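Trainee: Can you keep this structure in mind? I'll have questions shortly.
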Amino acid sequence: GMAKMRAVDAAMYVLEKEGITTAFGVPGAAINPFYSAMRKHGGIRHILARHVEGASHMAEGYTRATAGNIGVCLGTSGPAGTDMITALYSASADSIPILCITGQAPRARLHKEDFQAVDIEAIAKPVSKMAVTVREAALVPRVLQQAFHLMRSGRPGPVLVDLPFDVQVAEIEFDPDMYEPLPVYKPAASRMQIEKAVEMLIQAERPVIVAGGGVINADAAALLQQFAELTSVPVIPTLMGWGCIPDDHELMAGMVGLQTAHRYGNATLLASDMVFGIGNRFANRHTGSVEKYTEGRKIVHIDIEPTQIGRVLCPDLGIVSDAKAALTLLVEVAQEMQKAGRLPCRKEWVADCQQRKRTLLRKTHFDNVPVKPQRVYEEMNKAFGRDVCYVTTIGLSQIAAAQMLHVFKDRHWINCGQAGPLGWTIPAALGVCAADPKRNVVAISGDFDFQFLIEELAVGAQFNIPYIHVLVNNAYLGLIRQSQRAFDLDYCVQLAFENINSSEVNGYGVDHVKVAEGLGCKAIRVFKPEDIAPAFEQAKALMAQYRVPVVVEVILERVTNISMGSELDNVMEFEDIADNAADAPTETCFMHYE
Amino acid sequence: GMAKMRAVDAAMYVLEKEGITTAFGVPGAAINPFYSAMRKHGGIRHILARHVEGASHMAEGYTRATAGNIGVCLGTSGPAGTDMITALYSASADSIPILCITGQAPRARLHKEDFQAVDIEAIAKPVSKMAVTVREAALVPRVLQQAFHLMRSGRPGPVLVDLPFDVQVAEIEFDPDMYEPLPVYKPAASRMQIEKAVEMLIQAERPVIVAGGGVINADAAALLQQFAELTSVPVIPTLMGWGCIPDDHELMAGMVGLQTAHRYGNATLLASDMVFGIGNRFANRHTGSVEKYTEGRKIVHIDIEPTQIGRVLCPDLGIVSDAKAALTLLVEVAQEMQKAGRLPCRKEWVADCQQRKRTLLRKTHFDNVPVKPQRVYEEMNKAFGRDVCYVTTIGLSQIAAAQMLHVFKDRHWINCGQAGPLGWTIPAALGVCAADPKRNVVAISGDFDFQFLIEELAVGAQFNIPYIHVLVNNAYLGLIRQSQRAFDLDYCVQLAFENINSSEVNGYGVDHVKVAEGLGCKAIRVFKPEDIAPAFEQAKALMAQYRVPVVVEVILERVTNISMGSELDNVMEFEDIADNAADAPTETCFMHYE
Amino acid sequence: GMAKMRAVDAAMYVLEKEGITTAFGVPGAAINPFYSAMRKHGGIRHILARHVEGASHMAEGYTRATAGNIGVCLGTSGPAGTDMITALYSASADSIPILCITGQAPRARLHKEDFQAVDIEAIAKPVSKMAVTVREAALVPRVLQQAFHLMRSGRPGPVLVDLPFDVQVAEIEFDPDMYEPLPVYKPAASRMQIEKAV
Ligand SMILES: Cc1cc2nc3c(=O)[nH]c(=O)nc-3n(C[C@H](O)[C@H](O)[C@H](O)COP(=O)(O)OP(=O)(O)OC[C@H]3O[C@@H](n4cnc5c(N)ncnc54)[C@H](O)[C@@H]3O)c2cc1C
Ligand SMILES: Cc1cc2nc3c(=O)[nH]c(=O)nc-3n(C[C@H](O)[C@H](O)[C@H](O)COP(=O)(O)OP(=O)(O)OC[C@H]3O[C@@H](n4cnc5c(N)ncnc54)[C@H](O)[C@@H]3O)c2cc1C
Ligand SMILES: Cc1ncc(C[n+]2csc(CCOP(=O)(O)OP(=O)(O)O)c2C)c(N)n1
Ligand SMILES: Cc1ncc(C[n+]2csc(CCOP(=O)(O)OP(=O)(O)O)c2C)c(N)n1
Ligand SMILES: COC1=C(OC)C(=O)C(C)=CC1=O
Ligand SMILES: COC1=C(OC)C(=O)C(C)=CC1=O
Ligand SMILES: COC1=C(OC)C(=O)C(C)=CC1=O
Ligand SMILES: COC1=C(OC)C(=O)C(C)=CC1=O
Ligand SMILES: [Mg+2]
Ligand SMILES: [Mg+2]
Ligand SMILES: [Mg+2]
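Protein sequence lines, in the order shown, are assigned to chains P, Y and G.
Numbering (my numbering) for the first sequence: 16 to 609.
Numbering (my numbering) for the second sequence: 16 to 609.
Numbering (my numbering) for the third sequence: 666 to 863.
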């Protein structure tokens, strides 16, 4: 029961009671007392990163992998905290928590210029739900207790806790048996709200549901699918909702937007007369101009956060609610409407949507040498099972991947959709694997994203954390080259050079096979499209055998312009489109996934 | 003359007028208009980094290399700006400027949640002299004009300028012929202040001058040496002042502090009766407890910043002045005192200081296998000339290097002394080489620092930027292991693993020779101490021949405890001390440098 | 000559050398050592206001009346400082200075919800050229020295100096004879610019 212990020893009991079992970090002198309490306590597996930014993105992958997870990132004072800002931003931006814990100079020296003392509280305030320097040892458990309440309540977001060295080692009296987590705050829609939304849905003749990341945040994917099935309403997931209904479900109508979107998804949205938004916001790369997106359409918006409703467009009906509470009530009311015979039949509209999904395609089956990126994603759909979990960040690599890969379960598309920090992909994939060693994790990176935090591969080697990383190498910042077309420029975006140790890379610059092997991983380079599928089969074998990351590097043609535009009705198709299965053989309409 | 142009085109003329010739950056869509103006203008050499943090630390190395330089760092919106915070902190902390320029979402969408729009102004405020989002196109030249005034005036520091996309492309009328840089503000000591300081100096019987980074910031090293020679007063440089008098000068008395310090330097400070501080602050790792540092000693402090005087200890005389203005007047007054016969002879005190410098040594000449790190620094002193320019960050690698290497000119020790961010070393060295292609740049890293931003070696390969990187590999976070001794811990600080591709690294983990070669550089691994000197000779040849970075990796014994303590009178000597040249052959007392 | 004195006594020598002769204020327990120093030093005429906002606007009128004047407004901790925000905004907005000086709780109690302790630094930062809590007794003369430089230089504006009670009464060594005001920064047009204008 009650005993005298250091404030960091009390912190270990609090973290255990709050369900923490994993931490990613880089120790230093100012955070040593915390590491010493973590060693004495046991039960937290620490993973040593090779950049503080790597540890903070591992914590994001850990959070995102499984409902209820909270990745923890640990660092010393000074530059460690400033190295966490990008991850706090990325987590805030996507409404997901991580808990960052930093050491700090002792309280008496905070306004002197103590070595590596920085005002991290002020720096981190705009990208966190709370950033606090703990000023008394007895407050360490209470700040953590409040932090966990904030990370789970309302619109979720990250917390930074900053621990002065003297506060960490100071004694307190603490009773772990008496510690209890605070209740989680979640507003719930009333029946009056939900019945109005269902009445509006029944009146629409061509409705779609836009299912957002809030549905996944609330762990409500099964209810979302059930509500769509009862009402027979096609579902458009946002990039952050992708997976909340399986991609081969007959009501999955494709994705919408300026870049990570399908031709059939955009055409279905523009033909619709109502958008029933659940757990989405209306992101600008999803909508284009809001005036065109809302034209001729009633808009419903359900969001847990009141000030998200009406922020970018005015809904006809806005409801403040947790998505699981809302969907529980939407299923009940839809079942009552079904018994009363008041849900309309929707066979024509569902048939029109499916017809678009069957004909408005993009070619993937390219035999070209050098390889076309879209062929890589066709081979990934064939090589990996239905349970594949993709991790990716940003680039033409990521945009085309979102256009052409398929996913079948929530939290099998792990992607930092609002902030898109380069280098996120490797640490996030390691964090997903740490959350779930049985997960079939496959990452996708372009060469530039792969280089930012390339040293994190050695974390996977040191700790034996296996996953497959697909690296598509054009020796370009490919997305920036494409955006420079508007300026008739191709300027400062090339990565190629004659590698003085590897004439076999043929002027592509970095030799990723050599780099990955020096970092302790396995790697395979692919030049010809028919060698992609065997390489994915070797990579699985190498992974079972050595239990380390395996990189499959595909050498691409230097320049491919991926389809994108500035409005839903203006997406330009640069590469070949398709209307038949032979050019696009891995659409779910044509291919059984597992 | 006057013409209509985009606001970014006016920015190019302003940057040219302000002396900018180099920029380090990573383009993205939101900053493309600026890149397009930089391409159209010419005359700025852009260097593409492989992490935005790498570009920001290259800008720091560029600033630090040469008086008057201002490194420029360019990035897109969102995570690029959050990736610059660590460099802004490091530059603020050391009183040096960089100019960071970020793209931003258009003004009308700043409070919507536009893709990658972040409140970078608020995040960067605590680590910059100005952080501003430019709200009108006509203000772009005026914000830059104010930015350059701030970066050069008072206590120097960094500026972040954030450019909304629509502000960048909007037209203005601008006349480059009429643009003029603002005057620089620098307070100057009066004769009444300086005469009082010289009177106090004359009364002291055992004075020392502590020469800080402010002397180098003011470009006043030659005056500092001249003032010490006229008054015959021994000089103790801080780590940030190191080089402002040559290490073989008869008045150079060694360095002082808890870690990067000499036994003779600390013993000389504790024996002194006055500290004449010029351009220093009194950093806690330099002083220890201020009560012990000031005991029995009058303190003079000259600083350009009024609120630095009395911040950590109360001087007997505090003077607000630029160090060059102060030293100009100190030389004149000392010459007047010399003509009047009022400067005391100081032969005994100078002789006592030199006697300490000759006898209070640390052993470097170790024949051990595996290699002892202190032998590496002895070989570096022999292999490189007097004009060597060292670049380093933090770790036992850096602390012992500061204890045992010698430097002979200002700005030949490039080191982020207050913030110490891991990964700084490679990008900073590339930035120094970009500032001065004739500089003989040698970097020092431990293995963990080397890994953080290891991909930046490919920047040196792509752009042919040659320098030598000494990598001392203990497969440990060695400084943290040593600080964990106080907790009877060795926990989460080891980097070793059995590399499945390289049994020759013998369980040390990452194979840096393979990684460096995959990144396009040359590399040499050294296991035996007698092979260090030949490896430095091969590295010079490889560098002349291939014009890329050359890494020399020395395999160290796993555990070496470097001398350090918590007070000047308590520094513990773990490894062998020396009182003879044979154990410490590269002290300047024993060895002629060039 | 150099002498031992309280930080507030050294502040009195600084205000004298910077030309202060008048102050408007409302005393309180947290600013009493400063009032005790003003009484002992003499040479500043104090006008007692009947609202802290009244003292802050008297300081504005005193500044605005005559070139080179700097009105000084004095108050205690807590609501006195919040009583001053409107004048700080009015002074900033018109590019003119006032010097506001507030008492504050002792440093050891600044995060402990001590009676009438408020984060006036953060509240006043948007409406001042500088707003600072002085953390060391030796810094009191230096903060005032930087304040007068900022109030006169560039675009002029007001400054708020917040004084913890333990900082005010701590002894320091200060030599009034050695104090000198900082140079004022004012940029000047070149002849090239003026000929173009004409
Ligand atoms: C290069 C690139 C291209 C992209 N292209 C596209 C594209 O074409 N189309 C596209 O759609 N996206 C695209 N994205 C992603 C896009 O930027 C956004 O991240 C995404 O559209 C946002 O999805 P969302 O509306 O579900 O929002 P989210 O960020 O997932 O959040 C939606 C809402 O959920 C709420 N919420 C949180 N928890 C709960 C809960 N328990 N219950 C209810 N509500 C809750 C939050 O308050 C928030 O308002 C792209 C990203 C990149 C990097
Ligand atoms: C692991 C590690 C160990 C270290 N160990 C030691 C150690 O043992 N000893 C040690 O001394 N340092 C040590 N350092 C470095 C230390 O932390 C500080 O960076 C350093 O001591 C500060 O030097 P300085 O006083 O010259 O200050 P600086 O940071 O260089 O600044 C001094 C002052 O210069 C002023 N200034 C700027 N421009 C001008 C100008 N034109 N004219 C006049 N003034 C100007 C600024 O206002 C500032 O107050 C260590 C660093 C690390 C990372
Ligand atoms: C820190 C950061 N800097 C810049 C960007 C802008 N950016 C987005 S994609 C991209 C290029 C990515 O290239 P690569 O990963 O090789 O992919 P490709 O587009 O060539 O497939 C850049 C620079 C960013 N998202 N984050
Ligand atoms: C971003 C960041 N995280 C953590 C630290 C704390 N830190 C200082 S030195 C060090 C270990 C450095 O190890 P290495 O570079 O191998 O050098 P060694 O001490 O072993 O010679 C760490 C983690 C830091 N300075 N910066
Ligand atoms: C894309 O890489 C780059 C070069 O090499 C092609 C250059 O010559 C210059 C000036 C910039 C650049 O980014
Ligand atoms: C018959 O199963 C199929 C569908 O569901 C009806 C579809 O929507 C599409 C597009 C193809 C298909 O085979
Ligand atoms: C130093 O590397 C580390 C390990 O391997 C030795 C571990 O087993 C654990 C639990 C933490 C760690 O940091
Ligand atoms: C004779 O030259 C020499 C000195 O200067 C007098 C010294 O201070 C020391 C320590 C050695 C030396 O050789
Ligand atoms: Mg890296
Ligand atoms: Mg690429
Ligand atoms: Mg090491």
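By construction, the Cβ of each residue, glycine as well, lies at the ideal position given by its N, Cα and C atoms.
1. So, at 7 Å on beta carbons, what are the nonlocal neighbours of P/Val158 in its own chain, with the 5 sequence-adjacent residues on each side left out?
2. Determine whether the beta carbon atoms of Y/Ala236 and Y/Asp425 lie at a separation below 7 Å.
3. Counting only Cβ-Cβ distances shorter than 7 Å, please list the residues of the segment 785-816 of chain G near chain Y, keeping chain order.
4. Of the choices P/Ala593, P/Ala444 and P/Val487, whose alpha-carbon is the least far from that of P/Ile547?
5. Near Y/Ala349, what residues of its chain come up, given a Cβ to Cβ distance below 8 Å and the 5 sequence neighbours on each side ignored?
6. Compute every distance between the C-beta of P/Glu265 and the non-hydrogen atoms of ligand 6, then say whether any falls below 6 Å.
7. Keeping to the same chain, check which residues put their C-beta closer than 6 Å to that of G/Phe830; ignore five residues upstream and five downstream.
8. DSSP beta-bridge partners for P/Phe39?
9. Does any residue of chain Y bring its CB to less than 7 Å from the CB of P/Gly58?
10. With Y/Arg326 and P/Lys127 assumed to form a contact (beta carbons below 8 Å), what rounded beta-carbon distance in angstroms separates them?
11. Let me know the secondary structure DSSP gives P/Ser460 once reduced to three states.
12. When the Cα atoms are used, what is the spatial distance from P/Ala276 to G/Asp779?
13. Going by DSSP in three states, P/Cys507 sits in which element: helix, strand or coil?
14. So Y/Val199 and Y/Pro222 are in contact, right, with Cβ under 8 Å, and what is the actual spacing, rounded?
15. How would you write the range of the beta strand (DSSP E) that P/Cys115 sits in, first residue to last?
16. Quick check on this structure: which residue in P/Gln466, P/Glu532 and P/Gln370 has the alpha carbon closest to the alpha carbon of P/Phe605?
17. Where does the unbroken alpha helix (DSSP H) through Y/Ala268 begin, and where does it stop?
18. With 8 Å as the C-beta to C-beta threshold (strictly closer), list the residues of the segment 538-566 of chain Y near chain P in chain order.
19. Using beta carbons (cut-off 7 Å, strictly below), is Y/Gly325 in contact with chain G?
20. Which chain G residues are close to Y/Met193, counting only those with a beta carbon under 8 Å from its beta carbon?
21. CA-CA distance, Y/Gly294 and Y/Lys529?
22. What residues of chain Y sit near G/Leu847, judged by a beta carbon separation below 8 Å?
23. Would you say the beta carbon of Y/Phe49 comes nearer than 6 Å to a heavy atom of ligand 10?
24. What residues in its chain sit with their C-beta under 6 Å from that of P/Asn521, if we drop five residues either side in the sequence?
25. Can you name the residues that DSSP bridges to P/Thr283?
26. Buried or exposed: where does G/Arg671 fall if 16 or more other Cβ atoms within 10 Å of its Cβ makes it buried?
27. Chain P beta carbons: is any one of them nearer than 7 Å to that of Y/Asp584?
28. What residues from chain P crowd round Y/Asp109, counting only those whose CB sits closer than 9 Å?
29. Select from the segment 506-532 of chain Y all residues with a C-beta closer than 9 Å to any C-beta belonging to chain P, and list them in chain order.
30. If I'm right that P/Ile577 touches P/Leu376 with Cβ under 8 Å, what's the distance once you round it to whole angstroms?
31. Does the Cβ-Cβ distance between Y/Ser517 and Y/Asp526 come in under 7 Å?
32. For a cutoff of 7 Å on Cβ pairs, would you count Y/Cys329 as touching chain G?
33. I need the DSSP call for P/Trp257, collapsed to helix, strand or coil.
34. Assign Y/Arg296 to one of two classes, buried (16 or more other C-beta atoms within 10 Å of its C-beta) or exposed (fewer than that).
35. For Y/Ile135, which of Y/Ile113, Y/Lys555 and Y/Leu178 has the nearest alpha-carbon?
36. From which residue to which residue does the alpha helix (DSSP H) around Y/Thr440 run?
Mentor: In short, the structure shows the following:
1. Excluding positions up to five away in sequence, the list reads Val147, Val149 and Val176.
2. Going by C-beta atoms, Y/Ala236 is nearer than 7 Å to Y/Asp425.
3. Listed by position, the residues of the segment 785-816 of chain G near chain Y (Cβ gap below 7 Å) are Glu801, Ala803, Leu804, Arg807, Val808, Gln810 and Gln811.
4. For P/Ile547, the closest alpha carbon among the candidates P/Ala593, P/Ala444 and P/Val487 is that of P/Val487.
5. So the list reads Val213, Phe242, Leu245, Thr246 and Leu358, once near-sequence residues are dropped.
6. At least one heavy atom of ligand 6 is nearer than 6 Å to the Cβ of P/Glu265, so yes.
7. Counting only Cβ-Cβ distances below 6 Å, and skipping sequence neighbours, we find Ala695 and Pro771.
8. When DSSP reads this structure, P/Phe39 sits in a beta bridge with P/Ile62 and P/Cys88.
9. Taking 7 Å as the threshold, the shortest C-beta distance from P/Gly58 to chain Y does not fall below it.
10. Rounded to whole angstroms, the Cβ separation of Y/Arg326 and P/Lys127 is 6 Å, and the two are in contact under 8 Å.
11. It is a strand residue.
12. Roughly 57 Å separates the two Cα atoms.
13. Reduced to three states, the DSSP call for P/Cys507 is coil.
14. Going by Cβ atoms, the distance from Y/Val199 to Y/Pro222 rounds to 32 Å, so no, they are not a contact pair.
15. Unbroken beta strand (DSSP E) run through P/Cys115: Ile113 to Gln119.
16. From the listed residues P/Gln466, P/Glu532 and P/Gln370, the smallest Cα separation to P/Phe605 is found for P/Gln370.
17. Where Y/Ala268 is concerned, there is no enclosing alpha helix (DSSP H), given that its DSSP letter is neither H nor E.
18. Per Cβ criterion, the list reads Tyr561 and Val563.
19. True, the Cβ-Cβ gap to chain G drops below 7 Å.
20. Neighbours of Y/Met193 in chain G, taken as residues at a C-beta separation under 8 Å, are given in chain order as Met857, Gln858 and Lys861.
21. So the alpha carbons of these two residues sit roughly 44 Å apart.
22. Near G/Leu847 (Cβ distances below 8 Å), the residues of chain Y are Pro202, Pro321 and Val335.
23. Y/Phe49: no, Cβ never under 6 Å from ligand 10.
24. Excluding its 5 nearest sequence neighbours in each direction, P/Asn521 has no C-beta neighbour in its own chain below 6 Å.
25. According to DSSP, P/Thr283 bridges with nothing at all.
26. G/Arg671 is buried by the Cβ-count criterion.
27. With its beta carbon at least 7 Å from every one in chain P, Y/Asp584 lies outside the interface.
28. What Y/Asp109 touches in chain P: nothing, since even the nearest Cβ is about 11 Å away.
29. Those residues of the segment 506-532 of chain Y that come within reach of chain P (Cβ to Cβ, closer than 9 Å) are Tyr506, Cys507, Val508, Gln509, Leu510, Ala511, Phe512, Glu513, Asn514, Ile515, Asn516, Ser517, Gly524, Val525, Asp526, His527, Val528, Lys529, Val530, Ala531 and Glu532.
30. About 15 Å; that fails the 8 Å criterion.
31. Yes, these two residues count as a Cβ contact at 7 Å.
32. Yes, its Cβ sits closer than 7 Å to a Cβ of chain G.
33. Of the three classes helix, strand and coil, the one that applies to P/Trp257 here is coil, per DSSP.
34. Burial call: buried.
35. In terms of CA proximity to Y/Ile135, Y/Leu178 leads the group Y/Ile113, Y/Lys555 and Y/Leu178.
36. First-last of the alpha helix (DSSP H) with Y/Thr440: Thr440 to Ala450.
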